[PDB]
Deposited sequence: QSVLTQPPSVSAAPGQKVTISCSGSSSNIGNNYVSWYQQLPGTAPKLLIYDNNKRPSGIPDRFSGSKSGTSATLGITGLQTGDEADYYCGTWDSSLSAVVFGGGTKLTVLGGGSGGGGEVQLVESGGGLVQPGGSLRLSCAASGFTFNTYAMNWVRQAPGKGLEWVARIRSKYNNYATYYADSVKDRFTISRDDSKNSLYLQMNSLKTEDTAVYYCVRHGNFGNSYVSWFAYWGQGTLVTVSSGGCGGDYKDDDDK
């Protein structure tokens, strides 16, 4: 690749991690640098533009800097949900093209912020099956009910399934659209929520979110307070 970045780095929650990108005068040296975060099977997400600016919604713990022909992404107060692949991108004047680094895969090694980390999404054929996982941290998992909510590309939100805590007999509830095909479950000892998705249809194509309730003042509890980053499930025959 045109831009050079280390293939991988590991860091602990609450610590600071830096990711550097090396270029030349034609690219980083004379152009604005951008940084992207990418979770498995999902689209890159803009973290930094114009070397150091954050789009709204990007936490203040993400920062960017540029010095000569090199650029750096800083992540302070690391969270479990920061585990991702990070790419630097810039315009190359000599090539008259957008160039990217090869990406740095960051591994993040109860505590911290409320985090809902999703995995298991992917591409499957109609009639196929997938299992989604949500690894929770930053709260006592076993006292909370959890919900799965999906969002089909370019469409609205649709509630999928609910599982109560141990204190409410792990009671499960399903939307009619997924009844008898999906199963919501949890493993409290692993701080994990699951969605088993069988007999998949093209209309199940969506980003799936795990969602945790939160206090909205002292008189109301919203089921929709905290959301995970989402995992994409695509169900397609591939035009076959």
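- According to the record, no C-alpha positions are given for deposited positions 1, 111-115, 247-256, numbered from 1.
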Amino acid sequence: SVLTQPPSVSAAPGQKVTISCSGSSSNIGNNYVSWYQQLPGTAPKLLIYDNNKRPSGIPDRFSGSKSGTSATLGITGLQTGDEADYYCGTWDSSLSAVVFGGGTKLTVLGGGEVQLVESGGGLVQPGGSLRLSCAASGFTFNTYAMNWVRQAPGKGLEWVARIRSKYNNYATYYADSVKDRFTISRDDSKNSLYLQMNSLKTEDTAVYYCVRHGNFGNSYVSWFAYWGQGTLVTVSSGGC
From here on, numbers count along this sequence of modelled residues.
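- Per the PDB record, of the two stretches 25-33 and 187-195, 25-33 carries the greater mean B-factor over its C-alpha atoms.
- For the pair 171-179 and 211-219, the mean Cα B-factor is higher in 211-219.
- When the C-alpha B-factors of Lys155, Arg131, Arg150, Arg164 are read from the PDB record, the largest value belongs to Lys155.
- Of the candidates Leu200, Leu46, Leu39, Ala206, the deposited coordinates give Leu39 the top C-alpha B factor.
- Per the PDB record, residue ranking by Cα B-factor puts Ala84 in the middle third of the chain.
- Among all modelled residues in this chain, the alpha-carbon of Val99 has a temperature factor (C-alpha) in the highest third.
- Residue-level temperature factors show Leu73 in the lowest third of its chain, judged at the C-alpha atom.
- The deposited CA B-factor of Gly120 belongs to the middle third of values across its chain.
- Ranked against the other modelled residues of its chain, the C-alpha B-factor of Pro126 as given in the entry falls in the middle third.
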